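Chain and residue survey
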2 protein chains.
Amino acid sequence: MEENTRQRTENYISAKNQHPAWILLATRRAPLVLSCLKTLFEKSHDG
Amino acid sequence: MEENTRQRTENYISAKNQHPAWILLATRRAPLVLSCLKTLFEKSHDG
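Parameters at a glance
- Residues numbered from 1 in each chain as written, not as in the entry; some residues may be left out.
- Chains lettered and ligands numbered in written order.
- Part of a larger assembly, values for the part shown.
- Heavy atoms only, no water.
- Helix = DSSP H or I, 4+ residues; strand = E, 2+ residues; numbered from the N terminus.
- Areas by Shrake-Rupley, 256 points an atom, 1.4 Å probe, with all protein chains shown as cover.
- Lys, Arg positive; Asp, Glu negative; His and termini not counted.
- Charge placed at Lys NZ, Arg CZ, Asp CG, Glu CD.
- Contact = heavy atoms within 4.5 Å.
- Buried area = accessible area lost by both parts, 1.4 Å probe.
- Polar contact = N/O pair within 3.5 Å; in protein donor to acceptor, adjacent residues only side chain to side chain.
- Axes fitted to C-alpha atoms, helices over the stretch in contact; angles between N-to-C directions.
- Left-handed = near helix turned anticlockwise from the far one by under 90°.
- Nonpolar A, V, L, I, M, F, W, Y, C, P; charged D, E, K, R; others polar.
- Buried < 20%, exposed > 50% of the residue type's maximum accessible area, 1.4 Å probe, protein only.
- Least-squares fit on C-alpha atoms.

- Looking at the entry header, you'll see cryo-EM listed as the method and 4.17 Å as the resolution.

What follows is the structure, given as structure tokens:
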């Protein structure tokens, strides 16, 4: 059986749009923004 | 101290090169190759 593949590749191609995190890691400015968000959120859960 | 940031951002900007996986996730063809490698390696550890 290989039907799962034709669903698996579709799942992955879809997820590499729409779902943010994968879009975020792929856009040039990702390192900067990850650093900034992490350093900020590291010291406050309540906004 | 904010100095840790000036090392943290450098760590991240570095890792966004050299280290493959973050390079792999970022190049368009990533979904296809991820699917292929996963489906292949899923059924064999010895090559």
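**Looking at the overall build of chain A**
- In terms of helices and strands, chain A carries 3 helices and 0 strands.
- For chain A, the succession of helices and strands along the chain, N to C, is α-α-α.
- Dimensions of chain A, computed from the C-alpha atoms along their principal axes, are close to 50 × 25 × 15 Å.
- With the model as given, the accessible surface of chain A reaches about 4,000 Å², and the carbon-plus-sulfur share is 56%.
- Averaged over its 7 positive side-chain charges, chain A has a centre that lies 12 Å from the centre of its 5 negative ones.

**Some points on the interface of chain A and chain B**
- Counting from both sides, the interface comprises 16 residues of chain A and, opposite them, 17 residues of chain B.
- Roughly 1,500 Å² of surface becomes buried between chain A and chain B when both sides are summed, with 69% attributable to carbon and sulfur atoms.
- Along the contact surface separating chain A from chain B lie 6 residue pairs in polar contact.
- Those elements giving two or more residues to the side of chain A that touches chain B turn out to be α1 (3–15), α2 (20–26) and α3 (30–41) of chain A.

**Some remarks on the packing of α3(A) against helix α1 (residues 3–15) of chain B**
- Between α3(A) and α1(B), the shortest axis-to-axis distance is 9 Å and the interhelical angle comes to 140 degrees. Note on packing geometry: the crossing formed by α3(A) with α1(B) is right-handed. Counted together, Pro31(A), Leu32(A), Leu34(A), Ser35(A), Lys38(A) and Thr39(A) of α3(A) and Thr5(B), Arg8(B), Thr9(B), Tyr12(B) and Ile13(B) of α1(B) form the full contact between these two elements.
- Across the contact of α3(A) with α1(B), the residue classes tally to 5 nonpolar, 4 polar and 2 charged.

**A short note on the environment of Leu25(A)**
- Within the secondary structure layout, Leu25(A) lies in helix α2.
- Sequence spacing of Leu25(A) and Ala15(A) is 10 residues, and the spatial spacing of their C-alpha atoms is 13 Å.
- Leave out the neighbours within four places in its chain, and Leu25(A) touches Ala30(A), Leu34(A), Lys16(B), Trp22(B) and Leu25(B).

**Notes on the side chain of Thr5(B)**
Residues and elements named next belong to chain B.
- One can find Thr-5 in helix α1.
- The exposure class assigned to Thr-5 is buried, which follows from its relative accessible area of 17%.
- Polar side-chain contacts of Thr-5 include one of 2.4 Å to the backbone oxygen of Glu-2.

**Concerning the relation of the copies chain A and chain B**
- Overlaying chain A on chain B yields an RMSD of 0.2 Å, the required transformation being a rotation through 180 degrees with an accompanying axial translation of 0.0 Å. Interpreted geometrically, this transformation is the action of a two-fold axis. Scanning chain A for the C-alpha nearest the rotation axis identifies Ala26(A), at a separation of 2.2 Å.
- In this assembly the copies share their binding face: 100% of the residues contributing to the interface of chain A also contribute to that of chain B.

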